[PDB]
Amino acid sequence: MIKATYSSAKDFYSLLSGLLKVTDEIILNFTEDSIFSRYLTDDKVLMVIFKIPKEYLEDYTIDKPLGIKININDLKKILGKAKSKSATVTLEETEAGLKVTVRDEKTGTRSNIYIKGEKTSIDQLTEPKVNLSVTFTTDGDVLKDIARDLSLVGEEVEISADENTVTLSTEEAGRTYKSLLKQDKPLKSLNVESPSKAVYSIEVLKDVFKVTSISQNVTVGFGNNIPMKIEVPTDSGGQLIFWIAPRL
């Protein structure tokens, strides 16, 4: 059966806690190239993706692709029992569902839980296929700060960039907001293939941005009136990926 080991219980938990508007049930997809879960909010504007490349999965045994629909809440309880920040996690398939084990060699302790879960066919990962004209990398704390700013003024965020500057703007009831992100302030990297501009929902961009704080190297990509992509990497491989539908 399916069996996989992840090197960080803490990081795993951070990822799951980042699933915005996630219902009590999710579908963990076990594939050859990665374990992943992806759902699309009812409004169809935001696509939340949780993905762990096979490169960051040790002792990974898998006969054939399969997906297990489990209660995300139970999976959070067990990950919180992580005595240390060096605790690992193993995922083991079961006839009844999924067995999750957290191991902490440091304190010589362990914990497990048998989660009842329906077995189904893998939910294919359908990320938007577009050319990200603009990509930049920054610490999540900054984006969180920008989320706080946005939660003050506008209702729609207009993000746009030239060769050296990324600009976010909002306007509401006579009040105005406009932040500027540039290289080394605070962007760690900036790639502008061509001047681009798009508009996104503040409600959605705010929620997402706030979540990206769990990463120190968030990658944001977008282009002219195309969906924006946020990558929230962890130091152990586990990855959060968001897709925001632009306002046209």
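One rule holds for the numbers: they count along the sequence shown, beginning at 1.
- In this entry, 77 to 85 has the higher mean Cα B-factor, the comparison being between 77 to 85 and 109 to 117.
- The PDB entry records a higher mean C-alpha B factor for 120 to 128 than for its counterpart among 120 to 128 and 158 to 166.
- The top Cα temperature factor in the record, among 219, 179, 194, 213, falls on 194.
- When the C-alpha B-factors of 138, 90, 94, 135 are ranked from the entry, the top spot goes to 94.
- Among all modelled residues in its chain, residue 24 ranks in the highest third by Cα B-factor.
- Per the deposited record, the Cα B-factor of residue 173 falls in the highest third when ranked against the other modelled residues of its chain.
- The PDB entry assigns residue 151 a C-alpha temperature factor belonging to the middle third of its chain's modelled residues.
- Looking at the C-alpha B-factors along this chain, the one for residue 188 belongs to the lowest third.
- Looking at the C-alpha B-factors along this chain, the one for residue 51 belongs to the lowest third.
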